[PDB]
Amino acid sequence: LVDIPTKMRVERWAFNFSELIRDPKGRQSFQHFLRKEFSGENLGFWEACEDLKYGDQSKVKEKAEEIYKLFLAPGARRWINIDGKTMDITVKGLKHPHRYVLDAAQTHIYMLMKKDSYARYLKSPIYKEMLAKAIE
């Protein structure tokens, strides 16, 4: 079945960044926004992190291993913007992969979106319309 958020729901995506990202439709609408600003790799990295911590722990060493290859490696295709400190700490823990290894990296990319991307989202048309098409 389709998922058409109500007025309130859409309205509360602007209460705090976590509300917008903890909602599947929020993220989905937020992704259409990042795609336009060419920074969708951040939301992808975030999800990937969740799927690692809260996913089948049987293939962690497998996931992290490929996450590094897709988002962290130099010149990686979905290369994310993290600092050198945060990057070394990460490449270190990836020598003994586990669930909460991307914590530092994830917290970083989280705030990156929160302070820069998010702000511009609540102002974009992609949000005004989402709100205009709100139920009751």
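Position 1 is the first residue in the sequence shown; the rest follow in order.
Relative to one another, 51-59 and 78-86 have unequal mean CA B-factors, and 51-59 is the one with the higher figure.
Averaged over Cα atoms, the B-factor as recorded in the entry is higher for 62-70 than for the other of 62-70 and 107-115. In the PDB entry, residue 100 places in the highest third of its chain by CA B-factor. The deposited CA B-factor of residue 34 belongs to the lowest third of values across its chain.
Residue 43 sits in the lowest third of its chain by CA B factor, as recorded in the PDB entry.
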